[PDB]
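Q: Residue numbers (the entry's author numbering), protein chains in the order written: chain Af, 14 to 111; chain AF, 14 to 110; chain AB, 36 to 453; chain Ab, 36 to 453; chain AI, 41 to 46, 57 to 78; chain Ai, 42 to 47, 57 to 78. Cβ coordinates follow ideal geometry from the N, Cα and C atoms, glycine included. Structure incoming, see below.
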Amino acid sequence: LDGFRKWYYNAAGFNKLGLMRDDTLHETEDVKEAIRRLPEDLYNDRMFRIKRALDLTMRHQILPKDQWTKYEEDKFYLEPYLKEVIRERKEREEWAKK
Amino acid sequence: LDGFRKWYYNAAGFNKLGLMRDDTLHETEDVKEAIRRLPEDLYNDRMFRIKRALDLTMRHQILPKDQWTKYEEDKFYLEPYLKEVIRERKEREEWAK
Amino acid sequence: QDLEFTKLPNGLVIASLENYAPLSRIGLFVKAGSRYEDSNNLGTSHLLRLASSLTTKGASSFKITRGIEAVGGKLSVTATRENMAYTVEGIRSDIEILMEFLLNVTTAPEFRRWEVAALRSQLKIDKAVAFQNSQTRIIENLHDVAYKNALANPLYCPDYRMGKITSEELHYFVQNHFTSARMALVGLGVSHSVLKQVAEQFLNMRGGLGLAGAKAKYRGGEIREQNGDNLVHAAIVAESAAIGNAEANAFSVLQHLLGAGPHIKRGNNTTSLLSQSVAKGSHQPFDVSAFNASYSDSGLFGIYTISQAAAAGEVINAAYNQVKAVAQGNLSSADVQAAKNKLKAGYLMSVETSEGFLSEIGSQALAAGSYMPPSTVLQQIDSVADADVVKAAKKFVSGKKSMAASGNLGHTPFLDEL
Amino acid sequence: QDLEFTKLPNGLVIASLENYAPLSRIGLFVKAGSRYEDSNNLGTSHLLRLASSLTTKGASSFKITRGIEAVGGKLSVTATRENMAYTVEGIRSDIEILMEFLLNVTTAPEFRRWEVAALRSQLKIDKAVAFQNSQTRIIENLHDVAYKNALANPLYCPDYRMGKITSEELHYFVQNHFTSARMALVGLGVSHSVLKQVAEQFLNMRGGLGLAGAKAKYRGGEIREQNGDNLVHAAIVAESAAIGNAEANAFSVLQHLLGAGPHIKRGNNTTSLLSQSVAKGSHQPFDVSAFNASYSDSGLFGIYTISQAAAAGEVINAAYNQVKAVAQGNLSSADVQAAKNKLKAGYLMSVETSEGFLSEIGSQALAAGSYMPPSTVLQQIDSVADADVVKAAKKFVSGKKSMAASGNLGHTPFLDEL
Amino acid sequence: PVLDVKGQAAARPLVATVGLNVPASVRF
Amino acid sequence: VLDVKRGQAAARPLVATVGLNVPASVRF
Numbered sequence: 014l015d016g017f018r019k020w021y022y023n024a025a026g027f028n029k030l031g032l033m034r035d036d037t038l039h040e041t042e043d044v045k046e047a048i049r050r051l052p053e054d055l056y057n058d059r060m061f062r063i064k065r066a067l068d069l070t071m072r073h074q075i076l077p078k079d080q081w082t083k084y085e086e087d088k089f090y091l092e093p094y095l096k097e098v099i100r101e102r103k104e105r106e107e108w109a110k111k
Numbered sequence: 014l015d016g017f018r019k020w021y022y023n024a025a026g027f028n029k030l031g032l033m034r035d036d037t038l039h040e041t042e043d044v045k046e047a048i049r050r051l052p053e054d055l056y057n058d059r060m061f062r063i064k065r066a067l068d069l070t071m072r073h074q075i076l077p078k079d080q081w082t083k084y085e086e087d088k089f090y091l092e093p094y095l096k097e098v099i100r101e102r103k104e105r106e107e108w109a110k
Numbered sequence: 036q037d038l039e040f041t042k043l044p045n046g047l048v049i050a051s052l053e054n055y056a057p058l059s060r061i062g063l064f065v066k067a068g069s070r071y072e073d074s075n076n077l078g079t080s081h082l083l084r085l086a087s088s089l090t091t092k093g094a095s096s097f098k099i100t101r102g103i104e105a106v107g108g109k110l111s112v113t114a115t116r117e118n119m120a121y122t123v124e125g126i127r128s129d130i131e132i133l134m135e136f137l138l139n140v141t142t143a144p145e146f147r148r149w150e151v152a153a154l155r156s157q158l159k160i161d162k163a164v165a166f167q168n169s170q171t172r173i174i175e176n177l178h179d180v181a182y183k184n185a186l187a188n189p190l191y192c193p194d195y196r197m198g199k200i201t202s203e204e205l206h207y208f209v210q211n212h213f214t215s216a217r218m219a220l221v222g223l224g225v226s227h228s229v230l231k232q233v234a235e236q237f238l239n240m241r242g243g244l245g246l247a248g249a250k251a252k253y254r255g256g257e258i259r260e261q262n263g264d265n266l267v268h269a270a271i272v273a274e275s276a277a278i279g280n281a282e283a284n285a286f287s288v289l290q291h292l293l294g295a296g297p298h299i300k301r302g303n304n305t306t307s308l309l310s311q312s313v314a315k316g317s318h319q320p321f322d323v324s325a326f327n328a329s330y331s332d333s334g335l336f337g338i339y340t341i342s343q344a345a346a347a348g349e350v351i352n353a354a355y356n357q358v359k360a361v362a363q364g365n366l367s368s369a370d371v372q373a374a375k376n377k378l379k380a381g382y383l384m385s386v387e388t389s390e391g392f393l394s395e396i397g398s399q400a401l402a403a404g405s406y407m408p409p410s411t412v413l414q415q416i417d418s419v420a421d422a423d424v425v426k427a428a429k430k431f432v433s434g435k436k437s438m439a440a441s442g443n444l445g446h447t448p449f450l451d452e453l
Numbered sequence: 036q037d038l039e040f041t042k043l044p045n046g047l048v049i050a051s052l053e054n055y056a057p058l059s060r061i062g063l064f065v066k067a068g069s070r071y072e073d074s075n076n077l078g079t080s081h082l083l084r085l086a087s088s089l090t091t092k093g094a095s096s097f098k099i100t101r102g103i104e105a106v107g108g109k110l111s112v113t114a115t116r117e118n119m120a121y122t123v124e125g126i127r128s129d130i131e132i133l134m135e136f137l138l139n140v141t142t143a144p145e146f147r148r149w150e151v152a153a154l155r156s157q158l159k160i161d162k163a164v165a166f167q168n169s170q171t172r173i174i175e176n177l178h179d180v181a182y183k184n185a186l187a188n189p190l191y192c193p194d195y196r197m198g199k200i201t202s203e204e205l206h207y208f209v210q211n212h213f214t215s216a217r218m219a220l221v222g223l224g225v226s227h228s229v230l231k232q233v234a235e236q237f238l239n240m241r242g243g244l245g246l247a248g249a250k251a252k253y254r255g256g257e258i259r260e261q262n263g264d265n266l267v268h269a270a271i272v273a274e275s276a277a278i279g280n281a282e283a284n285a286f287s288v289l290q291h292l293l294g295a296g297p298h299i300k301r302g303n304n305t306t307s308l309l310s311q312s313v314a315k316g317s318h319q320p321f322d323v324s325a326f327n328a329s330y331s332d333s334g335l336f337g338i339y340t341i342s343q344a345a346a347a348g349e350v351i352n353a354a355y356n357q358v359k360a361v362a363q364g365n366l367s368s369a370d371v372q373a374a375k376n377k378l379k380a381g382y383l384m385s386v387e388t389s390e391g392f393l394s395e396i397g398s399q400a401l402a403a404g405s406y407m408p409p410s411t412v413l414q415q416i417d418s419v420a421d422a423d424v425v426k427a428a429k430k431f432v433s434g435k436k437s438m439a440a441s442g443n444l445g446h447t448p449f450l451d452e453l
Numbered sequence: 041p042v043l044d045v046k057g058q059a060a061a062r063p064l065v066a067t068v069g070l071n072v073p074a075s076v077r078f
Numbered sequence: 042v043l044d045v046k047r057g058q059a060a061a062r063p064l065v066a067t068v069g070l071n072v073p074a075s076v077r078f
């Protein structure tokens, strides 16, 4: 399962643009709240990575293979911050339900 | 001639709605500048009079004849200022050419 | 019943009174005022005061706010330069979760960085509102110009420090001043037992004595503020007695002998030595009360004047001259008896309300660890005698004085002229 | 040639050099600084300085701007607290209309309400930008915390007074403080003859002496400003000599002995006794100099320090200790000779430029009505002798001090500790 | 600026007060 | 922002300076 997940990570292809996994999340309301709660350095790296991926998609290029994002290396930075947004979101929802 | 002026004044009837002459000058840019410079008191007063006219016009009514601004009573407040603004535009124009 | 006290072995004071009130009030008192900051973390206590509804380890901000408003209870934070007090009140059937919320807020905050980043704009908004009434600015400034390090720190955050207060500063302040030996949990309308159980599930884990504050040092001086207000505000104070001395009682009797603010609505301090004197200096709107603020190491006593800018001078002089008369022994025993009656009536009306009673017990706890029955006080105030009052006066008349002035200060005198 | 200063009976003094230089400069010097203001007109001066382009009773703002620009001339309005000067620069051929514009501005402002109104927003900026260099704030606060009434008035308009200064007030100032006897017109690039022939027309009009010059009273004190800057700025001054005494020359020799700016780029200004006394104990970056500002009734002399907040204390102490050594006679004659050479070279390089020469002549005119040849000064500075310097020092080390501090002042000492 | 939502002279020390309840102010 | 923004310590009194020319500043 670990090797097949690495193969699927190579087949997804966002590592060839230098992106992380959390860069590829669709910005819903909870995702934008999690992005707003990021520290300044992580937010700046995320915006630069997104801008570089957009430039590479503009020129129809990819990064060189040494510059790709290694599956093992990818860091799920937004995840911790996101869970909270969802948790808080649900708590609020439940309160209203009841 | 002056008597004729008074007749025209009544005919103009801007007096009826309760407005002074300077009240009616179309707000051309030049006019706009002068209005701005008006000491606040007059400006606020101008607004009151103008607004009143609007309300009266809406109801298709005119103020009590007595309340009509008498020709004699009518004074020119905006004009003193306007003259300067005009002269100013004039000065700029020739320094321009 | 009566008040009942236990000192827990980790230092936490527990005070309870069960009077079977329909609404019961539970407060927690910490020696964590603005005097415990230094020049590196100014305004941290203001953000801590405004950060009572933040996410805690046990309840989120949403859960705390909606749970306190669900039962209709109230959570408030009152802060002096020495002490902070977090108070909750509500129906007896909901004070269990009210103590859950309050003790979570006191003991286990999280101080998330996005929450404090949202709170700094509220800090700016709160400062101004607080500084609307000039008496705030003048008094704040007064303490500042009259102290060097500890009591000179402002209750409200400075303008440059907004945007600079971090989560780590709040965590350091809480970890260094919110310890069990500096805390008293006081409950009116609750059983003492429950206070103790909540005092072990909480309030017992942080048990150091914390970080000791510096001794406050007097500096003297004068800071003025020309801002074109219609009225000139001026406070002239000097060093006085601290909390825990009979000279503090003498200074309280001295402010009630001088005008301590008219009792009557639109009153004129008919017998207020200060105000009465003002008549000679001016017959125009004025207000000359006496400012006494005593903290556990130092006190400030002086005069406070509001007047028309023009007369601002001699009115201040007239008020000062009146205190000099009291420093020369020019007083009557009936005036001192009336001052004692005014002071003791003010104390009894201060403790007649429930939240004032809870605050008093709280303060006494942190200050002396003991409860002093209202009765005891009455006889101690009586202990103050005429000469004692005179003595405190001479202290003010001779002690280097400070001065905070604001308004159109073209005719406001200086200290070397005063 | 040489200036020829002649006092027209109206009181105005005329003086010119007619160097026949290409770009002649002409400046009117009028004693009209904030000093000559008072408590209820704070700000008039500031606006007056920024309002050199309001329609004059003789010319439209438009012409003023365009005219001066066309000829390439320049009108500038410098202003100190002790005085103020308007200056026009330009080709010898266009200086007739330049004098028309300048003399219309100085003697006939229309101060139209709409116009003055448009400027108050421009006023905020000046007072604002000028404060970029913390030094400005300091020197300002200093002259304020030091004086009571006259020289305590700020050069820049206070925040509350913006929106409150009215045309009337401005006009009031001119007619009061800007009179003829208090003015002088010095011109380099013109014929002394015409100056008389263009001043006899407009300047001789305001014949009176003018509002009395409010005397200045020293107060002492200290005003601090905690604002979280990286560097602590601190100025500690005392009362010194005024304009027109040999003790002012002694104080100028004393600042050039203690250190009055670096002569080498990236130098350590080795000689400065202050710089040496700081650098022998502190390895942090610093900047210590001697401050001297003398006006016609009173002077301020002291030390100015910029340092890291942490070392701010002992560095200030070290600088203070160095002055105490000079107050104990611990100085060498070669050091005083080098200080005299530095002072006289600074004076000659100040008067070597055309606008500095015009300002100097101007100042001398208003101050003493006479021109003092650069040579004369040289021998008077030489008159100052070693003991004289020591004397001024003791004046500083004894006279009550005034201290303006700004930055992170957690380790900045007070005056009773200093 | 507007002081958000826009005379007795202070004679006692000040005590800020804020919390869940909407009211918030200072007393001498 | 002090409109258009820009260390040497002041040792002499200040002198504001403004006028028709665009430059305007203070010197010690």
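Who are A50(AB)'s beta bridge partners in DSSP?
A: The residue given as residue 50(AB) occupies position 15 in the third sequence. According to DSSP, which records beta bridges pairwise, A50(AB) is partnered with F40(AB) and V221(AB).
Q: Taking Cβ to Cβ, would you say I173(AB) is nearer than 9 Å to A440(AB)?
A: Residue numbering aside, residue 173(AB) sits at position 138 when the third sequence is read from its first letter. Residue numbering aside, residue 440(AB) sits at position 405 when the third sequence is read from its first letter. Yes, these two residues count as a Cβ contact at 9 Å.
Q: With 9 Å as the C-beta to C-beta threshold (strictly closer), list the residues of the stretch 290-304 of chain Ab near chain Ai in chain order.
A: Per Cβ criterion, the list reads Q290, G294, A295, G296 and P297.
Q: Using 8 Å as the cut-off, can you tell me whether the stretch 50-64 of chain Af makes contact with the stretch 79-99 of chain Af, which would need three or more C-beta pairs spanning the two stretches below that distance?
A: They touch, by the three-pair rule.
Q: Report the start-end ranges of each beta strand (DSSP E) in the stretch 39-67 of chain AF that is 3 residues or longer and not cut off at the edges.
A: Listed in chain order, there is nothing to give.
Q: With 16 as the cutoff for other CB atoms within 10 Å, does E203(AB) come out buried or exposed?
A: Counting from 1 along the third sequence, the entry for residue 203(AB) is found at position 168. Classification for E203(AB): exposed.
Q: What whole-angstrom Cβ distance do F321(AB) and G337(AB) have, given they're in contact under 8 Å?
A: Counting from 1 along the third sequence, the entry for residue 321(AB) is found at position 286. Counting from 1 along the third sequence, the entry for residue 337(AB) is found at position 302. Their Cβ separation, rounded to whole angstroms, is 16 Å, which puts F321(AB) and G337(AB) out of contact at 8 Å.
Q: Give me the residue from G296(Ab), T141(Ab), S275(Ab) and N352(Ab) with the minimum Cα distance to residue 24(Ab).
A: Since the first and last residues shown for chain Ab are 36 and 453, residue 24(Ab) lies out of range.
Q: Hey, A165(Ab) and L190(Ab): beta-carbon distance below 9 Å or not?
A: Here residue 165(Ab) corresponds to residue number 130 of the fourth sequence, with the count starting at 1. Here residue 190(Ab) corresponds to residue number 155 of the fourth sequence, with the count starting at 1. Yes, the Cβ-Cβ distance between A165(Ab) and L190(Ab) is below 9 Å.
Q: Helix, strand or coil for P144(Ab)? Go by DSSP, reduced to three states.
A: Position 109 of the fourth sequence holds residue 144(Ab). In the structure shown, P144(Ab) sits in a strand (DSSP, three-state: E or B).
Q: Using DSSP with H/G/I as helix, E/B as strand and the rest coil, what is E387(Ab)?
A: Position 352 of the fourth sequence holds residue 387(Ab). Here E387(Ab) sits in coil by DSSP.
Q: Please report the Cβ distance between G68(AB) and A114(AB), rounded to the nearest whole angstrom; I am assuming they are in contact, meaning their Cβ atoms lie under 8 Å.
A: For the purposes of this step, residue 68(AB) is taken as the residue at position 33 of the third sequence. For the purposes of this step, residue 114(AB) is taken as the residue at position 79 of the third sequence. Indeed, because the Cβ distance is near 6 Å, the residues count as touching under 8 Å.
Q: Could you confirm whether any beta carbon from chain Ab is found closer than 9 Å to the beta carbon of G243(AB)?
A: For this step, residue 243(AB) is matched to residue 208 along the third sequence. Not an interface residue.
Q: Can you tell me whether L30(AF) is helix, strand or coil according to DSSP?
A: For the purposes of this step, residue 30(AF) is identified with residue 17 of the second sequence, where counting begins at 1. If DSSP states are grouped into helix, strand and coil, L30(AF) belongs with the helices.
Q: Name the chain AB residues that come within less than 8 Å of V68(AI), Cβ to Cβ?
A: Your numbering for residue 68(AI) matches position 18 in the fifth sequence. Neighbours of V68(AI) on chain AB, chain order: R84, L85, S87, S111, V112 and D161.
Q: Along chain Ab, which residues have their Cβ under 8 Å away from the Cβ of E101(AF)?
A: Here the question's residue 101(AF) lines up with position 88 in the second sequence. Ordered by position in chain Ab, the residues that pass the 8 Å Cβ test against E101(AF) are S95 and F97.
Q: Just to confirm, are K199(Ab) and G391(Ab) a CB contact at a threshold of 9 Å?
A: Residue mapping note: residue 199(Ab) aligns to position 164 of the fourth sequence, counting from 1. Residue mapping note: residue 391(Ab) aligns to position 356 of the fourth sequence, counting from 1. Going by C-beta atoms, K199(Ab) is not nearer than 9 Å to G391(Ab).
Q: Residues of chain Ab with CB under 8 Å from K250(AB), in chain order?
A: The sequence position of residue 250(AB) within the third sequence is 215, counting from 1. Ordered by position in chain Ab, no residue passes the 8 Å Cβ test against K250(AB), which lies about 15 Å from the chain.
Q: Excluding five sequence neighbours on each side, which residues of the same chain lie with their C-beta closer than 7 Å to the C-beta of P193(Ab)?
A: Here residue 193(Ab) refers to the residue found at position 158 when the fourth sequence is read from its first residue. The residues are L77 and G78.
Q: Taking 9 Å as the threshold (beta carbon to beta carbon), is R155(AB) in contact with chain Af?
A: Residue numbering aside, residue 155(AB) sits at position 120 when the third sequence is read from its first letter. No, because no Cβ of chain Af sits closer than 9 Å to the Cβ of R155(AB).
Q: Can you tell which of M71(Af), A24(Af) and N28(Af) has the C-alpha that lies nearest to the C-alpha of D79(Af)?
A: What you label residue 79(Af) is simply residue 66 of the first sequence in a count that begins at 1. Here the closest residue by C-alpha is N28(Af).
Q: For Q414(Ab) and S287(Ab), I'd like the C-alpha separation in whole angstroms.
A: To locate residue 414(Ab), count along the fourth sequence from 1; it is residue 379. To locate residue 287(Ab), count along the fourth sequence from 1; it is residue 252. Their backbone Cα atoms lie some 14 Å apart in a straight line.
Q: Quick one: measure Cβ to Cβ for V76(Ai) and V65(Ai), integer angstroms, because I've assumed they're closer than 8 Å.
A: Mapped onto the sixth sequence, residue 76(Ai) falls at position 26. Mapped onto the sixth sequence, residue 65(Ai) falls at position 15. At roughly 6 Å, the Cβ-Cβ gap stays under 8 Å, so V76(Ai) and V65(Ai) are in contact.
Q: Please check if any C-beta of chain Ab sits within less than 9 Å of the C-beta of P52(AF).
A: In the second sequence, the residue the question calls residue 52(AF) occupies position 39. Chain Ab, which has a Cβ nearer than 9 Å to the Cβ of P52(AF), makes this yes.
Q: Opposite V112(AB) in the DSSP bridges: which residues?
A: Counting from one through the third sequence, the residue named residue 112(AB) turns up at place 77. The partner list for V112(AB) (beta bridge, DSSP) reads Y121(AB) and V68(AI).
Q: Spatial neighbours of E39(AB) within its chain, please: CB distance less than 6 Å, with the 5 preceding and 5 following residues excluded, ordered by chain position.
A: Taking the third sequence and counting its residues from 1, the one referred to as residue 39(AB) is at position 4. Hits under 6 Å: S51 and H227.
Q: Apart from the five residues on each side of it in sequence, which residues of its chain come closer than 6 Å, Cβ to Cβ, to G334(AB)?
A: For the purposes of this step, residue 334(AB) is taken as residue 299 along the third sequence, with counting starting at 1. The residues are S275, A276 and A277.
Q: By the DSSP assignment, the beta strand (DSSP E) with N327(AB) in it spans what residues?
A: Translated into positions along the third sequence, residue 327(AB) becomes position 292. Start and end: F321 to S329.
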